[PDB]
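Only one chain is included here, represented as structure tokens and corresponding to the form deposited in one PDB entry.
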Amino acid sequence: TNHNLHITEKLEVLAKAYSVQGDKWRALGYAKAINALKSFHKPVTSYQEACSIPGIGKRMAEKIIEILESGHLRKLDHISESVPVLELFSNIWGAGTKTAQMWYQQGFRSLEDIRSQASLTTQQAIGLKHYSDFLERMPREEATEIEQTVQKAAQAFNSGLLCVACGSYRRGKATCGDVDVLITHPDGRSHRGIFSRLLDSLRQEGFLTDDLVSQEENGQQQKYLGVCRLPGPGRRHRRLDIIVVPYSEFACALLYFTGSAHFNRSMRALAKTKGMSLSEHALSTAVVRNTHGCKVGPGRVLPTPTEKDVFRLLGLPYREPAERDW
């Protein structure tokens, strides 16, 4: 489908540069310009042919031009030398742009430096320990094995439990960055305080290797982010994210967890324009917001039994998971 990879290749480099340096809004700007150019059909050929495209402005158009003319972007040759390092550091799970910039300011330039001299949080030490594994995707077939593993351990103590793999898996991708397992129960209450049992069952069989986010000393735990590894030879550590939700929030939870991320954001931005609000918990109407668009009035939750209801309530035609990459 990519009819502009010549340009949406030089821009991505610029986009990730801005992202790692912390200029998040400018990076979001570039992401959309790129997220669009790709979705095009014909290779842009005119400054006017560019502007006409949503997500592209005069500034972006100009840069697009210099490429379809200079085959290069002068900007890319003035990118700070720190960027590759910031990117290297930022790819450690648990370390964001603030930690990357700090480490760099402190003279660190490689993972070696980070390993031997950086002060690491428990999450970052886990992230560094599986640095290569966290950058690899897995065949969807393996994701299936992981979901099945969790579902089996979950239904083992309550067969009523509904378990579904979401994210890229549900969107039908060939490979998955991690496994997103959503768990809920049709009765509306049996899903309470199950984490304790599930996580222990999984730890028992040595399936879980590391925990990244798991507030277990509190019975109100909603999510778990960790590392698991199927048994046998040739197996790599994989990221596992599990959320347990009340049946009444099932649809919204499923929509959220299925993504994509940019899809969720667009849909939520849409809800806001209609005086509504969408979250992994619910779709609300009559929401009261202030001048800066901040939620200052809860409004009321709308009945959303299925994903279709959410789309319907927002005045949108339904979309199968596979059609939600953006």
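The first residue of the shown sequence is 1; numbering continues from there. Note that the rigid core is defined as the largest set of C-alphas that superpose within 1.5 Å between two forms.
Same protein, other form: the form deposited in another entry, not shown, and the subject of what follows.
Colleague: Superposing the core, which one of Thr149, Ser90, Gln221, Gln123 shows a C-alpha shift reaching 2 Å or more between this form and the one not shown?
Modeller: Everything else stays below 2 Å; the exception is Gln221.
Colleague: How about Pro43 - superposed on the rigid core, does its CA move between this form and the one not shown by 2 Å or more?
Modeller: Result for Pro43: yes, a 2 Å-plus shift.
Colleague: Looking in that other deposited form, are the Cα atoms of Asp200 and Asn218 closer together or farther apart than here, the change being 3 Å or more?
Modeller: Pair moves farther apart in that other deposited form.
Colleague: Between the shown chain and the other structure, the Cα gap of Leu283 to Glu216 differs by 3 Å or more. Is it closer or farther in that other deposited form?
Modeller: Closer in that other deposited form, by 3 Å or more.
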